[PDB]
Every structure is written in structure tokens, then in C-alpha cells.
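Please note: Cβ atoms are built from the backbone with ideal geometry, for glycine as well, and neighbour counts cover all protein chains shown. Each reported figure results from applying straightforward, stated rules to the coordinates on display, with no laboratory input.
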RNA sequence: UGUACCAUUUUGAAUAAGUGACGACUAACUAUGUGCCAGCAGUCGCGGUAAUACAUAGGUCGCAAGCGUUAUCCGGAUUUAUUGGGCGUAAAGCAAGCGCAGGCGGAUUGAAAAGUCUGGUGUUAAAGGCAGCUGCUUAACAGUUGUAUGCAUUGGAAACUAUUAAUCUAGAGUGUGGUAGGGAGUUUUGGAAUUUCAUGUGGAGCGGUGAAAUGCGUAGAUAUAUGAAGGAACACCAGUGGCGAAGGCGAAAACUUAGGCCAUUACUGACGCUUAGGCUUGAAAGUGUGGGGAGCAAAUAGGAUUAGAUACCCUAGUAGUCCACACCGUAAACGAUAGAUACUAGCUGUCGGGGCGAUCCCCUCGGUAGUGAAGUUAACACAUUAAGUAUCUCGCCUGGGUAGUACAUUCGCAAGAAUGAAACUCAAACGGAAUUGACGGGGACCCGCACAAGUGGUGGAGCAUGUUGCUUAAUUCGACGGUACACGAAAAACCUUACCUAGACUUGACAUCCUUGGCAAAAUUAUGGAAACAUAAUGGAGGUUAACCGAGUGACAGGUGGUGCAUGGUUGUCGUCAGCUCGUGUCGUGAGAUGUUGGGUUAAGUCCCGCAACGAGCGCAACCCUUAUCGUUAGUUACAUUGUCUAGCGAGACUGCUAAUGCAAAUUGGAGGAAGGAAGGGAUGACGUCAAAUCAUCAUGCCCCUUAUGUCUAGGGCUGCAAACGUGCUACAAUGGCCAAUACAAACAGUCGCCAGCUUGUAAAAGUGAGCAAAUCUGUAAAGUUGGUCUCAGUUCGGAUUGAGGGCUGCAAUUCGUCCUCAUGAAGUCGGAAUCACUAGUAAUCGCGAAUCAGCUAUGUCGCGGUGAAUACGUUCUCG
RNA sequence: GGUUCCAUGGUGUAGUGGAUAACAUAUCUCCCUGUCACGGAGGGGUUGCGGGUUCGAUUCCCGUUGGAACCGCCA
RNA sequence: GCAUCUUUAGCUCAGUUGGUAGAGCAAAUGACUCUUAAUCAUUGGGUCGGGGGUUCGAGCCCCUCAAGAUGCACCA
RNA sequence: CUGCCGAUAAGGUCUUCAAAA
Ligand SMILES: *C(=O)[C@@H](N)CCCC[NH3+]
Ligand SMILES: [Mg+2]
Ligand SMILES: [Mg+2]
Ligand SMILES: [Mg+2]
Ligand SMILES: [Mg+2]
Ligand SMILES: [Mg+2]
Ligand SMILES: [Mg+2]
Ligand SMILES: [Mg+2]
Ligand SMILES: [Mg+2]
Ligand SMILES: [Mg+2]
Ligand SMILES: [Mg+2]
Ligand SMILES: [Mg+2]
Ligand SMILES: [Mg+2]
Ligand SMILES: [Mg+2]
Ligand SMILES: [Mg+2]
Ligand SMILES: [Mg+2]
Ligand SMILES: [Mg+2]
Ligand SMILES: [Mg+2]
Ligand SMILES: [Mg+2]
Ligand SMILES: [Mg+2]
Ligand SMILES: [Mg+2]
Ligand SMILES: [Mg+2]
Ligand SMILES: [Mg+2]
Ligand SMILES: [Mg+2]
Ligand SMILES: [Mg+2]
Ligand SMILES: [Mg+2]
Ligand SMILES: [Mg+2]
Ligand SMILES: [Mg+2]
Ligand SMILES: [Mg+2]
Ligand SMILES: [Mg+2]
Ligand SMILES: [Mg+2]
Ligand SMILES: [Mg+2]
Ligand SMILES: [Mg+2]
Ligand SMILES: [Mg+2]
Ligand SMILES: [Mg+2]
Ligand SMILES: [Mg+2]
Ligand SMILES: [Mg+2]
Ligand SMILES: [Mg+2]
Ligand SMILES: [Mg+2]
Ligand SMILES: [Mg+2]
Ligand SMILES: [Mg+2]
Ligand SMILES: [Mg+2]
Ligand SMILES: [Mg+2]
Ligand SMILES: [Mg+2]
Ligand SMILES: [Mg+2]
Ligand SMILES: [Mg+2]
Ligand SMILES: [Mg+2]
Ligand SMILES: [Mg+2]
Ligand SMILES: [Mg+2]
Ligand SMILES: [Mg+2]
Ligand SMILES: [Mg+2]
Ligand SMILES: [Mg+2]
Ligand SMILES: [Mg+2]
Ligand SMILES: [Mg+2]
């Protein structure tokens, strides 16, 4: 049957919001809401070879702050800070010159156990004509070796160019979806294949959060260092 | 025959490549076209608008001066099985027996030598066959030498078979001695019971069924008691049994008669097994002649049931069922297993003879059963009574339908029996066994407003809204049992809008990429205008082009156009039901089984035990939110009748204690407690099913349009109307209508808004106008209490419809907004067959608020509080 | 050629001694079921043509059509 | 022979008794479905057998032909 | 505790593949 979004079921209890701002009026609540979606989509659609895991947005009456986590930030940084200037101009055109931006790339730790880049890698493999069975298994084994709990991958679509759509799942371990205390990270991606669209869904279990609180604490960014800059 | 061949003879790549296939068997794939059409096919099968199977093209593969197709023969085919198959459940053991000819057949001795083996000789024509060699440029081919097979004759071998001459008893029979039987035929005899009749008593039904009705009965039935007549069959005994070759045999007796078991110091001395043809017997039905006929009952008549009933039920009812003599010769005639012979673990019964002598029990020899290993089988299963290891003999089988049909023949009075095909057609078969599911008008157990017990409704009337159908220029599109129909749509006058009629536009209303400049787009005022749009004006923020304003410019933009049966995403449903699987191991040739099923306990695959299973994952449960009590922090904009109230943290409830019984989980009761055994509610919805819903939220493969299916605007339309259905509102009333006074909420919302008060107005509202960015100000609570009146009427019920006058929003209210006032006063007096929801603050009912919104007969949707019930005995029926 | 009968709903048939027309099937709407048949409720639909009598004709009278049933013989 | 009737889209038949034609099938088109069947809507399709005559006007009334079928004589 | 209880148009998907990591 149908299931409630795993990310959406855990918001406001154990998971913080990706955008944290309070608008002035119901007219300014819509502009500030579509614009941040454009920024997030920009980061995700293009600049994909970087493995951007999550982009957070922080806005005040007039000051915009962006916290961008990536696995390989060299591509964003570019050759002696070139590509970086380009993206700043991109961000300024979307929000406006009248405001103040404080974009912040922040390098990420433990990149494997994140459902976003795994789905992106999965989608790239399917688009690259890689056999589906082999592609998921290599991603599954590497993620488990990274030192996490069970992972559930559902890859539904016109499998292998077939005319009848199927779906292949591969769970390997305890994925307690009905439990609220668990840390389940979820992401979904659309692999654009020449024979249509492939939907990949990745459920990852990253332990149990036994410390009550609406997070305010990082998630799989702590193990190695996490810095770099571009801020003020 | 100037032929093969030869040569440094001239010229010169010049004179020369096709066919089949490409989904699998079977080496070799893509596009275009078509769209269950045209076509392909040796087999499985491809084609229903994304075809590697069709057509064309490109590529590739298999062959080659050949390649495919067709025809015929052999192999593969162990698929007529001598080598080399089978007959319990798949085709196939005759219904059984007596059996001649045929086949086979105990042991020992002698002879012969017909089979059998071997030596010599003759022959089995030449070509061909196989081996070697030679010759053609090697080969194909030609020649060359070698190379068997059988028959006859002759000379030996004597193990086995056959023949002959004899001996023996162990095979098989005979006799004596024990002995068990529903074995058969013929002739007599007996008692219950039914029916009819005769005689009494008696007095209204009997009979029959799911329920009844034909029928019988005051002419005295049913019933009761006695008697007589007659026919058929032989309760109990009677069986985890007996006899016979089979069919079959069960009251008692007599006569005749068949076979069998056990022990044999007796006798014959292979006389034995099987059996084509032949003969005998052979359930029931049926036939012919003559008797008999109580009961029952094919055919038949009537009454029921039924859409129909020539059937199941009931009441009658002939042939027949019975006997004697003649036929018929078929059955699931079954142990679905032909007969005979020898061998191969065991255990438990039961019957008969014999040995012992109370039975009972022990042993021996046989008959009849159950369980069971090796062994066999495709599996089920058989297993000393074989379907096991083997031999002999007979019968029978060779895919399914045609078909046990047709012709011919034999038998029969007759129906028919025996024997028994083919033409044609299919790729399989009402094939066999077993496995996983589904289903059952099959069982066992357990659940849910399912039934049951109640309450209030719906189907009847008026109105609102959605749908079907019809119409129209359009009535845009989708949803269509449960799981569509107050659904998408949380707002159709314009806009929305996707539709129709018209007036206008073409790299376009919007976008990027490119050569190139920016010294604008807006908005608004004029004129023509239905408005789109044009011609003229202030020429405009800014920042030198940032963004945009453009020119030039072709790739293109654009599509609510098709396909939810190509999809991604999201959702309904079973269902918040308790399920769905995996790893390792074990069993099974295999699909598969195990765990996951057994016993207890739950809402639960929840847990505990048992257990060839041991564990694990998803679901279940808990962690999350909210309501119920209290502690702590805080005290304004709450409270201020002083500790409410509001929201942060925490305590509290954990089967924690006790009693009962259970191994243990756990169930029930009690204690204390605000709360007791998921304390109430919410979020949370496994694998999957229905090719379930959506291309019209969005995204997207493919197809289609490209001065039009794209774009702008005005008007119309989505609001129609002979009709039908669904969901709601209002009612049909005194538990009420109207009027007056009046008490008690929670939640939510608010600066183009909430709007207090005041003034005007019969009122919707207008003007003035504070207060409130909000625990402060505003959004009148109604049912309810009291008083007056109506007095049961189509009314002081009910409000539809209609006419007029007003108010608000908005350019604009006619198509098509709602509110108020006045006027009128349809139907309707509790609603047919049949249906829906609900297990406590629930049903019922009364108001209040919010979302989308300028406004909206939203009576809709999402929320909040006021009052506040009835019933649950139980699973027989009903749905899942 | 002559004589008797009949003409009623969409189909098969009753009635009316002048004042009045029903039955069954069929048809329609609604329960019913996954659906349909069957079942349940309710709804609907009629005198061959003509011409006279009567206040009034399906009925009574005379003619005209169509369909049937009887006869048409003696030489 | 005679008297009588009939000839009507592709087929089977009503037309009405004079103002010039439909019904039911078949075909097609859509709708409808995965696609069909079925269903449903819609729909094109006529020398009223050939000529003559009457009439202002003939599928309609009267004649002659062409092709069939009826009832009356293969002399009672 | 034996009422009654009938039917359901045709053809169709779906396993691509282990060479292996
Ligand atoms: C019999 O029928 C006769 N009267 C008829 C003779 C006819 C001759 N033309
Ligand atoms: Mg071909
Ligand atoms: Mg082809
Ligand atoms: Mg062969
Ligand atoms: Mg052979
Ligand atoms: Mg065989
Ligand atoms: Mg057989
Ligand atoms: Mg036998
Ligand atoms: Mg037999
Ligand atoms: Mg014998
Ligand atoms: Mg003999
Ligand atoms: Mg020779
Ligand atoms: Mg030769
Ligand atoms: Mg007697
Ligand atoms: Mg008999
Ligand atoms: Mg009868
Ligand atoms: Mg009887
Ligand atoms: Mg008889
Ligand atoms: Mg037989
Ligand atoms: Mg056995
Ligand atoms: Mg045959
Ligand atoms: Mg035979
Ligand atoms: Mg058959
Ligand atoms: Mg089965
Ligand atoms: Mg009830
Ligand atoms: Mg109603
Ligand atoms: Mg009605
Ligand atoms: Mg519609
Ligand atoms: Mg649809
Ligand atoms: Mg549905
Ligand atoms: Mg409009
Ligand atoms: Mg300027
Ligand atoms: Mg410039
Ligand atoms: Mg499109
Ligand atoms: Mg679907
Ligand atoms: Mg077990
Ligand atoms: Mg168990
Ligand atoms: Mg839960
Ligand atoms: Mg569908
Ligand atoms: Mg309009
Ligand atoms: Mg509407
Ligand atoms: Mg309602
Ligand atoms: Mg009162
Ligand atoms: Mg105050
Ligand atoms: Mg009335
Ligand atoms: Mg009223
Ligand atoms: Mg109006
Ligand atoms: Mg009343
Ligand atoms: Mg309940
Ligand atoms: Mg009510
Ligand atoms: Mg209904
Ligand atoms: Mg005479
Ligand atoms: Mg369709
Ligand atoms: Mg019944």
C-alpha cells in the first residue's frame, strides 16, 4: 500500500527544517518560498559531479545565508576560485541585488551513508547503460562497508528498457520504518533514460537518536572535519 | 583432330556472384511502413499503433556456381523393442472354468548323432564392399592384389536340447486314516411382517410434506382384538468370518452330489504347466410359451415445486420383480493385479487339521487380514497372498477424435452380441501421479455496527448540489460496483476556462543560444474602436548596460493535443487486516515441504511451551502528539470571590502488590489510586491484488499540429430539460409556531481587515467613528429558564413558486450574485418493495469559527463547544 | 355461385340485451443482484369501414371490405 | 387461354388511396473498450419495372408491354 | 433439518540474461 513520506513523518520531532525563516506578510511569504526552491534545485540539477548532499537556506528581513554541504567541493571551488564567482552571480540574480548573501560551502563527512548522493550515483549508473543488478549491488556493498545499518533501495520504472514496468528492491538489515526514534534519511531521484524515466528511492538507517531534541546537532558530517569557507 | 597439351606469343583486370536466414530449436539485429488489416510459418507461434518473427531498407550470418522449396526412402524412433518395450492407478489380463493339437518340462544309465561345435574339399559368376598400390597436374574416377556370406559333402567331438532303450521318487495323482465347511440341485416343512376379506369395540379424521394438495373417511376410516386366504423374502445368529474357478451361496429337514486341508513305513513311476480352435458355466435387465401375483415399481395419470419440470417430493399405477421349460451371454463380471513353479527380514491378529491335555495359551502344516525393511515404482504405493529376484505358456496394447461407428461374416424369434476399420481432423488427450493456490449451496475454530437489541434516518413531498440520458454553436475534460456520483472543483457573471461564435497575430504572449546596439517598458490622457489593436502625446525607474529594452537571426518556443495498456511521482482498496518472505540446515528424483503448522494467551505471526528445525527482516507493539490528577517555574494583556488559567520541565500506572490456577507466558478478582490491565482519541497502513485512479497538479518516452490543435480580446457556454438515480437541507408540528425578558461555552480569525458606540432607516444597510497587529479591541451564542398566546385546522403548520420596492460587492448581477421588506401561499398529516449509520460524551440535536473568496440558496468541507440518550441475551441465520 | 360465423390494446381472448370495457402475455419506471434472468412495488395502453334508429351505438338495423367454416347435386 | 395480383435504395417489406416515399436488415461513420463482439447514436444510399394517357400535379387512377405468381379449363 | 437457488461474448501481456565483479 501507500506509505507516508519517511522524511515528512519525522519533521518537527527529530528532524529540523531545511529552511528556517519568518516572513513579514502573506505576500512576502510566497516570494521567499519559491525563490529558495530555485536555489536548491539549481545546486542539485546542475553542478552534480560534486555530490551535493543537502543545501540549507537561512534568511532574515534582508540577509540571505546559504549552507551547502558537498562530498567533493573542488568542483564548486574551481581553478583558483573561478566557478565560485559564477555561482555567486547565479544566486544574486535569483534573490536580488538589494539583499546580502553569505553563501557557505561546508565539506561533509561520511559521504556514503547519505541517501541523496547514493540516489544520484544510482541514477547516473542507470543513465550510463550500466546493468541494474550489478549497479545496486556495488552501491549496496560499499555503503554497508562504510559502517551503517540496513539500506533499502527501490528502483521502479521501465526497467532495462522493457515495455512492461517492474520494480526491484533490496533490503539488507533492520530498516524500522514505523519507528520514530530511528534516523532514516530518504531521497528520491529521477534517472532520465532514453526509454523513459526511472524512479530510485533510497532508505538508509543511520542508528538510533537516543538524545531527545529537534536535532540542532549535525548528522553524518561530524566524523571527519567539516569546514572550508567562502563566507564573511 | 589441328583435339588434349605445350611456348617467355599480342592485348589486357580486363570476360564472370548468387541464394537462404537473423524470436527459440540454430551461427547472425536495427530503423521505416502497416496496425488481428496486408502477410509469415518445419515446431513453439508472430500481427489489435512503440513488431529484432509481416513489408522495405541497412547490417550481419550459412552456403556457392550453385542456393532454397517440393516429392520419396532410411536414420534419429527402444515409436511393433530376436538383439531392444509394456499390461493396479497412463493404451493393454479374455467373466470364469474343462480342455485336444502346439510350446515348455523331474533325476540317473546306454546307444545313435537330428540340432550344437570343429577340420578337409567343392561352390557361392564378374562389377560393387573394405584395405594397400598404380595412373591420370592431385582428386572424382579407372585399373590392380587382397578381402567375406551361405549351401552341400566328408572326417571327428558328446557337455545341453531332440530320438530311442530302460531304472528311481522328489513333481503330479490314487488308497487307507483324520476333517472343516450359507458348495449345488430336487422334494417337503415353519414363524413373524405387509395386503385383502370376515366378525366385534369405537366415533372424525386418516394419509402425506420443506409447506401442502391430490387421495382415503359418517357407506364408520386410522386404531384395537380374533380368524381365514395368498404371495414374496428368510430378523437375531452375522463376524477386525467360512465355502466355490468365477457369477454366487445365510429359516429347518431329507435325498443326490462337487471340491478342498492335515498325516501317510502304501501304490503307480513324469502320467506335469499353459492353451489358438472347441465345449461348459456365467449378476441384473430383456425375450417366447403356460402358471402366479401380497409388497414394490420402469412406462402412464393426477397433485405440488418451478421462469419452464416430460425430473428430485407425494397419491395412485401396467409390464416386471416369483415358479417350470426354452433363449439372450453382456456389467466398475474389480484385487481395475492370467495361470504354474522356486527363493527373499520380521511383528500382530483370526480360521481349520494335527501334537499336548481344563479353557487360555505353546509348536507344526495351510487359508484369510493388518503393519513393515531390503527390493520395485513416474509417484501413489506393492512388499512371502508381490506390483521383488527369475523361467515356461496364453491373451492383449502401439497418440486423441472419428468409433466401438460403417461394410462384410457368424450366432440370436427380438433387442442385440462377437469381429472391426478407413476417409477426414488435432498437436496434443474429459492422459497418470503428485505440488502450490483459488473455490465448495465440505467440515473445525476465530473476528468486524455483520446479524441480533435499540436509536435516528433514506426510498414518498419541496429545495440545494453532483451524475446518466437528450439537446444545442458549445453545453470543456476526467472519475463509473464495493473503491464514481456536495468527486477533481478549498468559490464557473467578466476573470477562472481547457468549449462555441466572431474580430485580430506569426521565431510569436513567455525562453535560451548565437552578430549587434541601447538615449526603455509601463502606466495614463486623445481619435477610431465590442474590446483585441492602431495611429499622437508626458517619453520617463534606472544605469550606460546591470536586469531588461531592443534590432538581425535560424535552431526553435508553444499544445489542458493522443496514449495512466510505455512510465516516474501521488492515491483508493482488501486493511491497521495480521499477515509476506529470506539466510543456513534437513526431507523429497521434482514442483515443493520445514520453520510460519500442535497446545495455551491476546487486537495481533503478541508471547510462552512443544517441535528438523536454528535465526533474521518488513509488518504488530512501544518510542511521537493530544485529553484526564498532581508537583515545580512564571504572574501580564490572564486571575484579582486569589489561586483559576495559560505553557515549559517533571512526577504519576509499571500486572508494580495481593488472592486464585498454569511449567511459562498469561487470564480473572481485590487493594490503593485521578487513572488497571492497548486509561480515550490521533499520526503511524507489510509483500502484494484490481494492467484500480490521475499525461487536466507537476515531470516524462513516443506519436501528432507548427501563419495553427499555438496567441490576444469581446459575446455566449460550463446554470439547458420529456426524464432517472446518489448525497444533503427544509418540513409535514403543540417534545410545536409566534412574541417579550433572560443565564451559561470552546476554538479560531482579524489592518484593502475585525468593526464597538452613536445618528438615520419597517430591514438588509449607510454616515460618523473610536479600539485592536491582538490572553488587552472586535466577530450579539443558540438550544435551555420564566411569562403571554395559539388549541390540532392543511392551521398563527409548511415554506415553495410568483409580482413589486429596496441594500451590498463589483467595470458589469438579463443569460447567471446573494440579502432585506412587502404580496401570494405548490406539495407535504410520517412516506411502498428495500435499505444506511452508530457501542458515551457516542447516536440524535443546537449554535460558533476557519479555509479558498471583491460578492455568492456551501444547506458543502474542515474544525469547536452546549444538552445528551437506548441497547448488546447470543452466533442459529446474513455480509466480509 | 349460394349460405352461416368472426373483426376489442402490440399478441391471444372475455364481456355489454343501449348509458360500463376487462384477463393474461407484452411495455415502462423503480427495488433486486458484480451483472443479468427469474422475483417484488407502481405505472400505463382498446370495439374493421360506412350509413340509419335513439337524447346516446362496440352493442340495435341495413350495406361495404378482410379472414374462415359449410355446401354447390339428378341426369 | 382466361381473369386477378405483384414489380418500391444492396436484401425483405409498408406506402394511400393524387401534392411526387419511408420501416426492418445490410454497409459506413463515429461513440464505446487493451482491442473486438455486442450495444448505442448518427448517416449516405431510390430511375417508385418500361412507356403512353388523365390531372395544375401521378409511387398513388386508367391502358399497352417485360418478367413472375394466383384463381378459373391440359372438354363432364 | 432438509423451500427455491439458472447463467456469465473472442484473442491476448509480464521475465529480460549471467557472461561477472
Ligand atoms: C363440361 O364441362 C362442358 N359443359 C364444357 C364444354 C366446353 C366446350 N368448349
Ligand atoms: Mg519469408
Ligand atoms: Mg522482419
Ligand atoms: Mg523415423
Ligand atoms: Mg525401429
Ligand atoms: Mg512403452
Ligand atoms: Mg486402462
Ligand atoms: Mg481377471
Ligand atoms: Mg477387463
Ligand atoms: Mg487344468
Ligand atoms: Mg497337450
Ligand atoms: Mg562375387
Ligand atoms: Mg572402380
Ligand atoms: Mg390373522
Ligand atoms: Mg434376471
Ligand atoms: Mg403428467
Ligand atoms: Mg405408492
Ligand atoms: Mg416389461
Ligand atoms: Mg467387457
Ligand atoms: Mg502396505
Ligand atoms: Mg488413428
Ligand atoms: Mg472387440
Ligand atoms: Mg471422448
Ligand atoms: Mg491442488
Ligand atoms: Mg438489528
Ligand atoms: Mg427524496
Ligand atoms: Mg419521486
Ligand atoms: Mg462530464
Ligand atoms: Mg480512464
Ligand atoms: Mg471503483
Ligand atoms: Mg469564461
Ligand atoms: Mg534614458
Ligand atoms: Mg552601450
Ligand atoms: Mg503533450
Ligand atoms: Mg494503472
Ligand atoms: Mg513441525
Ligand atoms: Mg514454532
Ligand atoms: Mg504502530
Ligand atoms: Mg485501465
Ligand atoms: Mg465569456
Ligand atoms: Mg455544475
Ligand atoms: Mg452534511
Ligand atoms: Mg409555547
Ligand atoms: Mg479587559
Ligand atoms: Mg394537502
Ligand atoms: Mg411555515
Ligand atoms: Mg439577477
Ligand atoms: Mg396530524
Ligand atoms: Mg463499536
Ligand atoms: Mg436533524
Ligand atoms: Mg435502487
Ligand atoms: Mg351419379
Ligand atoms: Mg481509451
Ligand atoms: Mg423459492
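Take A:85-92, A:102-109, A:159-166 and order them by the average number of nearby Cβ atoms within 10 Å per residue, most first; the result is A:102-109, A:85-92, A:159-166.
Averaging over all projection directions, the Cα-based convex hull of chain A occupies 14.8 nm² in the image plane. Across the stretch A:110-216, Cα-Cα pairs more than 20 Å apart make up 39 percent of the total. The residues A:201, A:142, when put in order of fewest to most other Cβ atoms within 10 Å, stand as A:142, A:201. Note on the stretch A:16-109: Cα-Cα pairs beyond 23 Å make up 22% of the total pair count.
Once the Cα atoms are used to define both axes, helix A:132-145 deviates from the longest principal axis of chain A by about 70 degrees. Entry note, chain A: the mean residue ellipticity at 222 nm calculated from DSSP H runs of n ≥ 4, each adding -39500 (n - 2.57), is -8500 deg cm²/dmol after division by the residues and rounding to the nearest 500. Summarising the strand pairing of the stretch A:1-149, around 45 percent of its internal DSSP beta bridges are antiparallel.
Tell me the angle of helix A:28-45 to the major Cα principal axis of chain A, expressed in degrees between 0 and 90 and rounded to the nearest ten. Taking the Cα atoms of chain A, the angle to A:28-45 is about 50 degrees. Sorted ascending by nearby beta carbons within 10 Å, beginning with the fewest, A:68, A:45 become A:45, A:68.
For the stretch A:62-137, the equivalent ellipsoid derived from the alpha-carbon gyration tensor has semi-axes of 32, 14, 13 Å in decreasing order. Computed from Cα atoms, the angle from the helix A:83-95 axis to the main principal axis of chain A rounds to 70 degrees. For the peptides A:52-62, A:211-221, residues were scored by their other Cβ atoms within 10 Å and the scores averaged per peptide; the highest-first order is A:52-62, A:211-221.
Relative contact order of chain A, taken over Cα pairs closer than 8 Å and 6 or more residues apart, is 22 percent.
Report note on the peptides A:20-32, A:171-183: ranked by the mean count of other C-beta atoms within 10 Å, highest first, their order is A:171-183, A:20-32. Of interest is the spacing of the C-alpha centroids, which for the stretch A:13-69 and the stretch A:149-187 amounts to 27 Å.
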